[PDB]
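*Asks:* You'll find final-v8.tsv just under this line, and it carries TSV, N, CA and C atoms and all ligand atoms.
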```tsv
chain	number	residue	atom	x	y	z
A	42	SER	N	52.59	10.19	9.22
A	42	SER	CA	51.94	9.87	7.95
A	42	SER	C	50.55	10.50	7.84
A	43	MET	N	50.14	10.78	6.61
A	43	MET	CA	48.81	11.34	6.36
A	43	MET	C	47.74	10.26	6.34
A	44	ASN	N	46.50	10.65	6.59
A	44	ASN	CA	45.37	9.78	6.29
A	44	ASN	C	45.14	9.78	4.79
A	45	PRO	N	44.62	8.68	4.27
A	45	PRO	CA	44.18	8.74	2.88
A	45	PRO	C	42.86	9.49	2.75
A	46	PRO	N	42.49	9.86	1.53
A	46	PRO	CA	41.14	10.41	1.42
A	46	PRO	C	40.12	9.33	1.73
A	47	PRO	N	38.95	9.72	2.21
A	47	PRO	CA	37.97	8.69	2.57
A	47	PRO	C	37.46	8.00	1.31
A	48	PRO	N	36.89	6.80	1.43
A	48	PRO	CA	36.37	6.13	0.24
A	48	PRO	C	35.32	6.99	-0.43
A	49	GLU	N	35.18	6.86	-1.74
A	49	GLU	CA	34.16	7.60	-2.48
A	49	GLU	C	32.75	7.20	-2.04
A	50	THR	N	31.85	8.18	-1.94
A	50	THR	CA	30.48	7.92	-1.47
A	50	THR	C	29.44	8.39	-2.47
A	51	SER	N	29.91	9.08	-3.50
A	51	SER	CA	29.05	9.65	-4.52
A	51	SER	C	29.80	9.57	-5.84
A	52	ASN	N	29.11	9.21	-6.92
A	52	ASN	CA	29.69	9.30	-8.26
A	52	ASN	C	28.57	9.51	-9.29
A	53	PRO	N	28.52	10.71	-9.90
A	53	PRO	CA	27.38	11.09	-10.73
A	53	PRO	C	27.29	10.25	-11.99
A	54	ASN	N	28.41	9.64	-12.37
A	54	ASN	CA	28.46	8.78	-13.54
A	54	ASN	C	27.93	7.36	-13.32
A	55	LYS	N	27.62	7.01	-12.08
A	55	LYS	CA	27.14	5.65	-11.76
A	55	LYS	C	25.64	5.56	-11.91
A	56	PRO	N	25.15	4.49	-12.55
A	56	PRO	CA	23.69	4.40	-12.63
A	56	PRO	C	23.12	4.12	-11.26
A	57	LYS	N	21.86	4.48	-11.06
A	57	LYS	CA	21.21	4.38	-9.76
A	57	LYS	C	19.89	3.65	-9.85
A	58	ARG	N	19.61	2.82	-8.85
A	58	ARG	CA	18.29	2.22	-8.73
A	58	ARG	C	18.01	2.04	-7.25
A	59	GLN	N	16.74	1.92	-6.91
A	59	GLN	CA	16.34	1.55	-5.57
A	59	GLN	C	15.80	0.13	-5.64
A	60	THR	N	16.11	-0.68	-4.64
A	60	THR	CA	15.55	-2.02	-4.54
A	60	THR	C	15.09	-2.25	-3.12
A	61	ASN	N	14.21	-3.22	-2.93
A	61	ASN	CA	13.72	-3.48	-1.59
A	61	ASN	C	14.86	-3.93	-0.67
A	62	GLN	N	15.85	-4.64	-1.22
A	62	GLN	CA	16.98	-5.09	-0.43
A	62	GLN	C	17.90	-3.94	0.00
A	63	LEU	N	18.17	-2.99	-0.89
A	63	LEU	CA	18.98	-1.84	-0.52
A	63	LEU	C	18.22	-0.97	0.50
A	64	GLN	N	16.90	-0.90	0.37
A	64	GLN	CA	16.10	-0.15	1.33
A	64	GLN	C	16.20	-0.80	2.70
A	65	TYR	N	16.19	-2.13	2.73
A	65	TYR	CA	16.31	-2.88	3.97
A	65	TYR	C	17.67	-2.68	4.59
A	66	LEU	N	18.71	-2.69	3.75
A	66	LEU	CA	20.05	-2.49	4.27
A	66	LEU	C	20.19	-1.14	5.00
A	67	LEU	N	19.49	-0.11	4.52
A	67	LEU	CA	19.56	1.21	5.17
A	67	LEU	C	18.63	1.30	6.37
A	68	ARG	N	17.38	0.93	6.16
A	68	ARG	CA	16.35	1.17	7.16
A	68	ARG	C	16.44	0.21	8.34
A	69	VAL	N	16.87	-1.02	8.09
A	69	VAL	CA	16.94	-2.04	9.13
A	69	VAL	C	18.38	-2.37	9.54
A	70	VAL	N	19.21	-2.77	8.59
A	70	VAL	CA	20.53	-3.25	8.97
A	70	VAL	C	21.42	-2.13	9.50
A	71	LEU	N	21.59	-1.08	8.71
A	71	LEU	CA	22.47	0.00	9.12
A	71	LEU	C	21.91	0.64	10.38
A	72	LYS	N	20.60	0.84	10.43
A	72	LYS	CA	20.04	1.52	11.60
A	72	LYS	C	20.24	0.72	12.88
A	73	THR	N	20.10	-0.60	12.79
A	73	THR	CA	20.23	-1.45	13.95
A	73	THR	C	21.66	-1.44	14.48
A	74	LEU	N	22.61	-1.57	13.58
A	74	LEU	CA	24.02	-1.51	13.96
A	74	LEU	C	24.41	-0.16	14.53
A	75	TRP	N	23.95	0.91	13.89
A	75	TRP	CA	24.38	2.25	14.28
A	75	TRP	C	24.09	2.54	15.74
A	76	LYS	N	22.95	2.05	16.24
A	76	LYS	CA	22.51	2.41	17.57
A	76	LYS	C	23.15	1.55	18.64
A	77	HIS	N	23.91	0.54	18.22
A	77	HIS	CA	24.47	-0.40	19.18
A	77	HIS	C	25.52	0.30	20.03
A	78	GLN	N	25.64	-0.09	21.30
A	78	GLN	CA	26.56	0.62	22.19
A	78	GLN	C	28.03	0.52	21.74
A	79	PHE	N	28.37	-0.48	20.92
A	79	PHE	CA	29.75	-0.68	20.46
A	79	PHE	C	29.96	-0.12	19.03
A	80	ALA	N	28.98	0.58	18.48
A	80	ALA	CA	29.08	1.09	17.11
A	80	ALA	C	30.05	2.23	16.92
A	81	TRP	N	30.30	3.01	17.95
A	81	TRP	CA	30.90	4.32	17.71
A	81	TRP	C	32.29	4.29	17.04
A	82	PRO	N	33.14	3.27	17.30
A	82	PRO	CA	34.43	3.31	16.60
A	82	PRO	C	34.31	3.07	15.10
A	83	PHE	N	33.17	2.56	14.67
A	83	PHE	CA	32.94	2.14	13.29
A	83	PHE	C	32.07	3.13	12.50
A	84	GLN	N	31.76	4.27	13.12
A	84	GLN	CA	30.83	5.21	12.51
A	84	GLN	C	31.54	6.26	11.65
A	85	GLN	N	32.86	6.18	11.56
A	85	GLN	CA	33.63	7.08	10.70
A	85	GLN	C	34.92	6.39	10.31
A	86	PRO	N	35.59	6.86	9.23
A	86	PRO	CA	36.89	6.26	8.88
A	86	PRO	C	37.85	6.28	10.06
A	87	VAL	N	38.72	5.28	10.11
A	87	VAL	CA	39.83	5.33	11.05
A	87	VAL	C	40.73	6.54	10.79
A	88	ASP	N	40.80	7.45	11.75
A	88	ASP	CA	41.73	8.56	11.67
A	88	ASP	C	43.03	8.14	12.31
A	89	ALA	N	43.91	7.59	11.48
A	89	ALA	CA	45.19	7.05	11.93
A	89	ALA	C	46.11	8.13	12.48
A	90	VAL	N	45.93	9.36	12.03
A	90	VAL	CA	46.69	10.47	12.59
A	90	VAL	C	46.28	10.76	14.03
A	91	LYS	N	44.98	10.97	14.24
A	91	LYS	CA	44.45	11.31	15.55
A	91	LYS	C	44.75	10.17	16.51
A	92	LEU	N	44.63	8.94	16.03
A	92	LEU	CA	44.80	7.76	16.90
A	92	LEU	C	46.27	7.35	17.06
A	93	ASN	N	47.17	8.02	16.36
A	93	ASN	CA	48.60	7.70	16.41
A	93	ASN	C	48.88	6.23	16.06
A	94	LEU	N	48.34	5.81	14.92
A	94	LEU	CA	48.55	4.47	14.37
A	94	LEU	C	49.23	4.59	13.00
A	95	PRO	N	50.54	4.87	12.99
A	95	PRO	CA	51.27	5.13	11.74
A	95	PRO	C	51.23	3.96	10.79
A	96	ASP	N	51.01	2.74	11.29
A	96	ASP	CA	51.02	1.59	10.39
A	96	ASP	C	49.62	1.18	9.92
A	97	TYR	N	48.58	1.88	10.34
A	97	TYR	CA	47.24	1.39	10.01
A	97	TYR	C	47.05	1.32	8.49
A	98	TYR	N	47.40	2.39	7.78
A	98	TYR	CA	47.15	2.41	6.34
A	98	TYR	C	48.34	1.79	5.58
A	99	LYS	N	49.31	1.24	6.31
A	99	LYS	CA	50.33	0.39	5.69
A	99	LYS	C	49.78	-1.03	5.57
A	100	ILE	N	48.85	-1.37	6.47
A	100	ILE	CA	48.30	-2.74	6.62
A	100	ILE	C	46.94	-2.89	5.98
A	101	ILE	N	46.11	-1.87	6.15
A	101	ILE	CA	44.75	-1.86	5.64
A	101	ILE	C	44.71	-1.05	4.36
A	102	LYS	N	44.56	-1.74	3.23
A	102	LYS	CA	44.57	-1.08	1.93
A	102	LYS	C	43.16	-0.81	1.38
A	103	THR	N	42.15	-1.41	2.00
A	103	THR	CA	40.77	-1.19	1.60
A	103	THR	C	39.98	-0.78	2.83
A	104	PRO	N	40.15	0.46	3.29
A	104	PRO	CA	39.45	0.93	4.50
A	104	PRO	C	37.94	0.95	4.28
A	105	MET	N	37.17	0.74	5.34
A	105	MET	CA	35.74	0.88	5.25
A	105	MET	C	35.18	1.05	6.65
A	106	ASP	N	34.04	1.72	6.71
A	106	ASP	CA	33.41	2.10	7.97
A	106	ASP	C	31.94	2.35	7.73
A	107	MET	N	31.14	2.43	8.81
A	107	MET	CA	29.68	2.51	8.64
A	107	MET	C	29.22	3.90	8.21
A	108	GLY	N	30.03	4.92	8.50
A	108	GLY	CA	29.74	6.28	8.04
A	108	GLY	C	29.74	6.33	6.53
A	109	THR	N	30.76	5.70	5.97
A	109	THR	CA	30.90	5.61	4.52
A	109	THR	C	29.76	4.77	3.92
A	110	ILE	N	29.46	3.62	4.53
A	110	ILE	CA	28.39	2.77	4.03
A	110	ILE	C	27.05	3.52	4.03
A	111	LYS	N	26.78	4.24	5.10
A	111	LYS	CA	25.53	4.97	5.21
A	111	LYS	C	25.43	6.02	4.13
A	112	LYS	N	26.51	6.76	3.90
A	112	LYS	CA	26.49	7.79	2.85
A	112	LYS	C	26.28	7.15	1.48
A	113	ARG	N	26.87	5.97	1.28
A	113	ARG	CA	26.71	5.30	0.00
A	113	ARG	C	25.25	4.92	-0.19
A	114	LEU	N	24.62	4.43	0.87
A	114	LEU	CA	23.21	4.07	0.80
A	114	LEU	C	22.36	5.30	0.53
A	115	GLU	N	22.61	6.37	1.28
A	115	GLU	CA	21.79	7.59	1.13
A	115	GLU	C	21.93	8.15	-0.29
A	116	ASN	N	23.11	7.97	-0.88
A	116	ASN	CA	23.42	8.48	-2.23
A	116	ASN	C	23.06	7.53	-3.36
A	117	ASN	N	22.46	6.39	-3.04
A	117	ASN	CA	22.18	5.38	-4.07
A	117	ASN	C	23.45	5.02	-4.84
A	118	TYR	N	24.56	4.92	-4.12
A	118	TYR	CA	25.83	4.58	-4.71
A	118	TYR	C	25.86	3.11	-5.10
A	119	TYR	N	25.17	2.28	-4.33
A	119	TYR	CA	25.15	0.84	-4.60
A	119	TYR	C	24.06	0.45	-5.59
A	120	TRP	N	24.41	-0.46	-6.50
A	120	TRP	CA	23.46	-1.02	-7.47
A	120	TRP	C	22.91	-2.34	-6.95
A	121	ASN	N	23.79	-3.11	-6.29
A	121	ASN	CA	23.48	-4.43	-5.75
A	121	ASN	C	23.62	-4.42	-4.23
A	122	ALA	N	22.70	-5.09	-3.53
A	122	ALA	CA	22.83	-5.25	-2.09
A	122	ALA	C	24.16	-5.90	-1.72
A	123	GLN	N	24.62	-6.81	-2.59
A	123	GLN	CA	25.86	-7.55	-2.35
A	123	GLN	C	27.04	-6.60	-2.21
A	124	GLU	N	27.03	-5.46	-2.91
A	124	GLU	CA	28.12	-4.47	-2.74
A	124	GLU	C	28.17	-3.91	-1.32
A	125	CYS	N	26.99	-3.66	-0.77
A	125	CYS	CA	26.88	-3.09	0.57
A	125	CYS	C	27.30	-4.14	1.59
A	126	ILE	N	26.80	-5.36	1.41
A	126	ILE	CA	27.20	-6.45	2.28
A	126	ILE	C	28.73	-6.66	2.24
A	127	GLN	N	29.33	-6.58	1.06
A	127	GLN	CA	30.80	-6.67	0.98
A	127	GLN	C	31.48	-5.58	1.79
A	128	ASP	N	30.96	-4.35	1.73
A	128	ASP	CA	31.56	-3.26	2.47
A	128	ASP	C	31.49	-3.52	3.98
A	129	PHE	N	30.35	-4.02	4.48
A	129	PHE	CA	30.30	-4.40	5.91
A	129	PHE	C	31.35	-5.46	6.22
A	130	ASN	N	31.46	-6.50	5.39
A	130	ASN	CA	32.44	-7.54	5.68
A	130	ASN	C	33.86	-7.02	5.64
A	131	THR	N	34.14	-6.13	4.70
A	131	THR	CA	35.44	-5.49	4.66
A	131	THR	C	35.71	-4.72	5.96
A	132	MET	N	34.72	-3.99	6.45
A	132	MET	CA	34.88	-3.28	7.71
A	132	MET	C	35.27	-4.23	8.84
A	133	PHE	N	34.53	-5.34	8.97
A	133	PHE	CA	34.78	-6.27	10.06
A	133	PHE	C	36.15	-6.91	9.88
A	134	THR	N	36.44	-7.37	8.66
A	134	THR	CA	37.66	-8.12	8.49
A	134	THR	C	38.88	-7.19	8.61
A	135	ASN	N	38.76	-5.92	8.24
A	135	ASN	CA	39.86	-4.97	8.46
A	135	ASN	C	40.18	-4.91	9.93
A	136	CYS	N	39.14	-4.85	10.76
A	136	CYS	CA	39.34	-4.78	12.20
A	136	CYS	C	40.10	-6.03	12.70
A	137	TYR	N	39.69	-7.21	12.25
A	137	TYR	CA	40.32	-8.45	12.69
A	137	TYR	C	41.76	-8.54	12.18
A	138	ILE	N	42.02	-7.98	11.00
A	138	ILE	CA	43.36	-8.03	10.40
A	138	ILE	C	44.33	-7.13	11.16
A	139	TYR	N	43.91	-5.89	11.41
A	139	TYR	CA	44.82	-4.93	12.02
A	139	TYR	C	45.05	-5.26	13.48
A	140	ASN	N	43.99	-5.67	14.17
A	140	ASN	CA	44.04	-5.90	15.61
A	140	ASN	C	44.25	-7.40	15.90
A	141	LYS	N	44.03	-7.82	17.13
A	141	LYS	CA	44.39	-9.18	17.56
A	141	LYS	C	43.21	-9.83	18.30
A	142	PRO	N	43.06	-11.16	18.18
A	142	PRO	CA	41.93	-11.79	18.87
A	142	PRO	C	41.89	-11.42	20.34
A	143	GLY	N	40.70	-11.10	20.85
A	143	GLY	CA	40.55	-10.73	22.24
A	143	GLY	C	40.70	-9.25	22.54
A	144	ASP	N	41.22	-8.48	21.59
A	144	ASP	CA	41.33	-7.03	21.76
A	144	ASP	C	39.92	-6.47	21.96
A	145	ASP	N	39.80	-5.42	22.77
A	145	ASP	CA	38.51	-4.84	23.03
A	145	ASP	C	37.84	-4.41	21.73
A	146	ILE	N	38.62	-3.86	20.79
A	146	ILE	CA	38.02	-3.35	19.55
A	146	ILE	C	37.50	-4.50	18.71
A	147	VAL	N	38.17	-5.64	18.81
A	147	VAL	CA	37.74	-6.84	18.11
A	147	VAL	C	36.44	-7.38	18.72
A	148	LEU	N	36.34	-7.38	20.05
A	148	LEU	CA	35.11	-7.81	20.70
A	148	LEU	C	33.95	-6.92	20.28
A	149	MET	N	34.21	-5.64	20.14
A	149	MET	CA	33.20	-4.70	19.68
A	149	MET	C	32.74	-5.03	18.26
A	150	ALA	N	33.68	-5.21	17.34
A	150	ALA	CA	33.34	-5.58	15.98
A	150	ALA	C	32.58	-6.91	15.95
A	151	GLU	N	32.96	-7.86	16.79
A	151	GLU	CA	32.33	-9.18	16.78
A	151	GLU	C	30.86	-9.08	17.15
A	152	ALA	N	30.56	-8.23	18.12
A	152	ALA	CA	29.19	-8.01	18.52
A	152	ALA	C	28.37	-7.43	17.38
A	153	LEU	N	28.91	-6.42	16.70
A	153	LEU	CA	28.24	-5.83	15.56
A	153	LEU	C	28.04	-6.86	14.46
A	154	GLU	N	29.06	-7.69	14.24
A	154	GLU	CA	28.99	-8.67	13.15
A	154	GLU	C	27.92	-9.71	13.43
A	155	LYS	N	27.82	-10.15	14.68
A	155	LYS	CA	26.74	-11.07	15.06
A	155	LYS	C	25.39	-10.52	14.68
A	156	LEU	N	25.19	-9.26	15.04
A	156	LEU	CA	23.93	-8.59	14.79
A	156	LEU	C	23.71	-8.43	13.29
A	157	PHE	N	24.78	-8.05	12.59
A	157	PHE	CA	24.76	-7.94	11.14
A	157	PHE	C	24.29	-9.24	10.51
A	158	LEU	N	24.87	-10.36	10.94
A	158	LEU	CA	24.57	-11.64	10.31
A	158	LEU	C	23.11	-12.01	10.58
A	159	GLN	N	22.62	-11.67	11.77
A	159	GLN	CA	21.22	-11.95	12.09
A	159	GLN	C	20.32	-11.17	11.14
A	160	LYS	N	20.61	-9.90	10.94
A	160	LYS	CA	19.76	-9.10	10.07
A	160	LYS	C	19.88	-9.51	8.60
A	161	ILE	N	21.08	-9.92	8.16
A	161	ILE	CA	21.27	-10.32	6.76
A	161	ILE	C	20.58	-11.64	6.50
A	162	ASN	N	20.44	-12.47	7.54
A	162	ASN	CA	19.68	-13.72	7.39
A	162	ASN	C	18.21	-13.45	7.15
A	163	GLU	N	17.75	-12.26	7.55
A	163	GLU	CA	16.35	-11.88	7.39
A	163	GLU	C	16.15	-10.97	6.16
A	164	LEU	N	17.15	-10.92	5.29
A	164	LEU	CA	17.07	-10.08	4.10
A	164	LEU	C	15.89	-10.49	3.23
A	165	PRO	N	15.00	-9.54	2.87
A	165	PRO	CA	13.87	-10.00	2.06
A	165	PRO	C	14.30	-10.44	0.66
A	166	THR	N	13.53	-11.34	0.07
A	166	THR	CA	13.72	-11.72	-1.32
A	166	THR	C	13.64	-10.50	-2.24
A	167	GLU	N	14.50	-10.47	-3.26
A	167	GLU	CA	14.44	-9.45	-4.30
A	167	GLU	C	13.03	-9.43	-4.87
A	168	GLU	N	12.39	-8.26	-4.89
A	168	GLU	CA	11.04	-8.16	-5.45
A	168	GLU	C	11.05	-7.70	-6.91
B	201	LIG	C1	37.27	8.77	18.78
B	201	LIG	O1	37.89	7.54	18.35
B	201	LIG	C2	38.63	6.84	19.28
B	201	LIG	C3	39.00	7.38	20.52
B	201	LIG	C4	39.76	6.62	21.44
B	201	LIG	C5	40.14	7.19	22.68
B	201	LIG	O2	39.77	8.36	22.98
B	201	LIG	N1	40.92	6.50	23.57
B	201	LIG	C6	41.22	6.99	24.87
B	201	LIG	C7	41.06	5.83	25.90
B	201	LIG	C8	41.58	6.27	27.30
B	201	LIG	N2	43.02	6.87	27.33
B	201	LIG	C9	43.36	7.36	28.68
B	201	LIG	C10	43.14	7.99	26.26
B	201	LIG	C11	42.64	7.60	24.82
B	201	LIG	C12	40.13	5.31	21.07
B	201	LIG	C13	39.74	4.76	19.84
B	201	LIG	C14	38.98	5.53	18.93
B	201	LIG	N3	38.54	5.20	17.68
B	201	LIG	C15	38.76	4.09	16.95
B	201	LIG	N4	38.07	3.86	15.82
B	201	LIG	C16	38.26	2.77	15.09
B	201	LIG	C17	39.19	1.79	15.47
B	201	LIG	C18	39.93	2.02	16.68
B	201	LIG	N5	39.68	3.18	17.37
B	201	LIG	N6	40.88	1.16	17.21
B	201	LIG	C19	41.32	1.37	18.58
B	201	LIG	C20	41.93	0.18	19.32
B	201	LIG	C21	42.54	0.82	20.60
B	201	LIG	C22	43.08	2.18	20.11
B	201	LIG	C23	42.37	2.48	18.78
B	201	LIG	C24	41.90	0.56	16.38
B	201	LIG	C25	41.72	0.59	14.86
B	201	LIG	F1	42.74	-0.10	14.32
B	201	LIG	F2	41.86	1.89	14.47
B	201	LIG	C26	40.43	0.01	14.42
B	201	LIG	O3	40.42	-1.08	13.76
B	201	LIG	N7	39.26	0.66	14.67
B	201	LIG	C27	38.02	0.02	14.22
```
Kindly transcribe the structure held in the file into structure tokens.
*Replies:*
Amino acid sequence: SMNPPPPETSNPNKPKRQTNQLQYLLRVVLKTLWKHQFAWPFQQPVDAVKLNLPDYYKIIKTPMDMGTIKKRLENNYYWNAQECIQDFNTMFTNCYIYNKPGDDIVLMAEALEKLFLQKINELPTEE
């Protein structure tokens, strides 16, 4: 089976704004997660072909990854911080859905999610 095209990261027809919360999501949240020792499987779309997972895109219909999230942030693709937060949650929950409790990849996602939740708890108030 083929991989799907990666999620869209740019759309010239979308309105754009910068907010202190979206700036925080890029400068603090994404940066903190990216450098984590368990980040690397989440830094690009799942390549189901390379990984020989023919059923991955049969099961996961809303793929997401931190490479995509970062590009969306850099491109001012998001209008609301909540959109970006949803994309992180989609990434984590896709991992839990496809895989099984206790799997190494799940433990990796769990560590990132812990850190994510800590940083989102420190999200500054909308200015
Ligand atoms: C360079 O990339 C990899 C390389 C190798 C790699 O090189 N593995 C080697 C390990 C040692 N043997 C000897 C050869 C292959 C393994 C995994 C990689 N990448 C990856 N990215 C993302 C996911 C994932 N993997 N998952 C893992 C679970 C276990 C097998 C895929 C399952 C998943 F479903 F796709 C998933 O949810 N995510 C989040």
*Asks:* Can you tell me how far CA of residue 76 in chain A sits from CA of residue 107 in chain A, in Å to one decimal?
*Replies:*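 Interatomic distance here is 11.5 Å.
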*Asks:* So the first atom is atom C of residue 73 in chain A and the second is CA of residue 153 in chain A; what is the distance between them in Å, to one decimal place?
*Replies:*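 It comes out at 8.0 Å.
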*Asks:* So, with all atoms listed in the file as the atoms that count, which of A:162, A:103, A:111, A:93 lies closest to ligand LIG 201 (chain B)?
*Replies:*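 Closest candidate: A:93.
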*Asks:* Have a look at A:70, A:47, A:42, A:133 and name the one nearest to residue 160 in chain A; count all atoms listed in the file.
*Replies:*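 Counting all atoms listed in the file, the residue closest to residue 160 in chain A is A:70.
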*Asks:* Could you tell me, counting all atoms listed in the file, which protein and nucleic acid residues lie no more than 6 Å from ligand LIG 201 (chain B), written as a list in words?
*Replies:*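 Final answer, ordered by chain and number: residues 81, 82, 83, 87, 135, 136, 139, 140 and 146 of chain A.
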*Asks:* With all atoms listed in the file counted, which protein, DNA or RNA residues have an atom no more than 8 Å from (17.0, -8.1, 4.9) in the file frame? Please answer as a PyMOL selection string.
*Replies:* chain A and resi 61-66+69-70+159-166
*Asks:* For the residues in that selection, give me N, CA and C atoms as an mmCIF file, in the frame of the given file.
*Replies:*
```cif
data_model
loop_
_atom_site.group_PDB
_atom_site.id
_atom_site.type_symbol
_atom_site.label_atom_id
_atom_site.label_comp_id
_atom_site.auth_asym_id
_atom_site.auth_seq_id
_atom_site.Cartn_x
_atom_site.Cartn_y
_atom_site.Cartn_z
ATOM 1 N N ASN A 61 14.210 -3.220 -2.930
ATOM 2 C CA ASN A 61 13.720 -3.480 -1.590
ATOM 3 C C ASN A 61 14.860 -3.930 -0.670
ATOM 4 N N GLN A 62 15.850 -4.640 -1.220
ATOM 5 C CA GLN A 62 16.980 -5.090 -0.430
ATOM 6 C C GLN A 62 17.900 -3.940 0.000
ATOM 7 N N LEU A 63 18.170 -2.990 -0.890
ATOM 8 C CA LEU A 63 18.980 -1.840 -0.520
ATOM 9 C C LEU A 63 18.220 -0.970 0.500
ATOM 10 N N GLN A 64 16.900 -0.900 0.370
ATOM 11 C CA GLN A 64 16.100 -0.150 1.330
ATOM 12 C C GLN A 64 16.200 -0.800 2.700
ATOM 13 N N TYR A 65 16.190 -2.130 2.730
ATOM 14 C CA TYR A 65 16.310 -2.880 3.970
ATOM 15 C C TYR A 65 17.670 -2.680 4.590
ATOM 16 N N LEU A 66 18.710 -2.690 3.750
ATOM 17 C CA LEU A 66 20.050 -2.490 4.270
ATOM 18 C C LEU A 66 20.190 -1.140 5.000
ATOM 19 N N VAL A 69 16.870 -1.020 8.090
ATOM 20 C CA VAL A 69 16.940 -2.040 9.130
ATOM 21 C C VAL A 69 18.380 -2.370 9.540
ATOM 22 N N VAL A 70 19.210 -2.770 8.590
ATOM 23 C CA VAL A 70 20.530 -3.250 8.970
ATOM 24 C C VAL A 70 21.420 -2.130 9.500
ATOM 25 N N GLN A 159 22.620 -11.670 11.770
ATOM 26 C CA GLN A 159 21.220 -11.950 12.090
ATOM 27 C C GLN A 159 20.320 -11.170 11.140
ATOM 28 N N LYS A 160 20.610 -9.900 10.940
ATOM 29 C CA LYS A 160 19.760 -9.100 10.070
ATOM 30 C C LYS A 160 19.880 -9.510 8.600
ATOM 31 N N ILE A 161 21.080 -9.920 8.160
ATOM 32 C CA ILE A 161 21.270 -10.320 6.760
ATOM 33 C C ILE A 161 20.580 -11.640 6.500
ATOM 34 N N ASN A 162 20.440 -12.470 7.540
ATOM 35 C CA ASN A 162 19.680 -13.720 7.390
ATOM 36 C C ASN A 162 18.210 -13.450 7.150
ATOM 37 N N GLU A 163 17.750 -12.260 7.550
ATOM 38 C CA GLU A 163 16.350 -11.880 7.390
ATOM 39 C C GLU A 163 16.150 -10.970 6.160
ATOM 40 N N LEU A 164 17.150 -10.920 5.290
ATOM 41 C CA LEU A 164 17.070 -10.080 4.100
ATOM 42 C C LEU A 164 15.890 -10.490 3.230
ATOM 43 N N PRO A 165 15.000 -9.540 2.870
ATOM 44 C CA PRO A 165 13.870 -10.000 2.060
ATOM 45 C C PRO A 165 14.300 -10.440 0.660
ATOM 46 N N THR A 166 13.530 -11.340 0.070
ATOM 47 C CA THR A 166 13.720 -11.720 -1.320
ATOM 48 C C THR A 166 13.640 -10.500 -2.240
#
```
*Asks:* Fewer than 6 positions away in the same chain doesn't count, so skip those; otherwise give me all residues within 6.5 Å of residue 112 in chain A, counting only N, CA and C atoms, as a PyMOL selection string.
*Replies:* chain A and resi 50-51+118
*Asks:* Using only C-alpha atoms, can you tell me which of A:106, A:128, A:167, A:96 comes closest to residue 75 in chain A?
*Replies:* A:106
*Asks:* As number ranges by chain, please: every residue in chain A that DSSP puts in helix (DSSP H, G or I).
*Replies:* A: 61-75, 81-83, 97-100, 107-115, 122-139, 145-162
*Asks:* For atom N of residue 46 in chain A and atom N of residue 89 in chain A, quote the distance in Å rounded to one decimal.
*Replies:*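 Taking atom N of residue 46 in chain A and atom N of residue 89 in chain A, their separation equals 10.3 Å.
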*Asks:* Excluding same-chain residues fewer than 5 positions from residue 90 in chain A, what lies within 8 Å of it counting all atoms listed in the file, as an MDAnalysis selection string?
*Replies:* chainID A and resid 42:45 95
*Asks:* If we count only C-alpha atoms, what is near residue 119 in chain A at a cut-off of 12 Å, once residues fewer than 3 positions away on the same chain are taken out, given as a VMD selection string?
*Replies:* chain A and resid 49 to 52 55 to 60 62 to 64 66 to 67 109 to 116 122 to 128
*Asks:* My list of candidates is A:138, A:80, A:131, A:144. Which is closest to residue 104 in chain A when distances are computed with all atoms listed in the file?
*Replies:*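 Result for the nearest residue to residue 104 in chain A: A:131.
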*Asks:* For residue 137 in chain A, which of A:105, A:84, A:150, A:53 is the closest residue, counting all atoms listed in the file?
*Replies:*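 Looking at the shortest contact to residue 137 in chain A, the residue is A:150.
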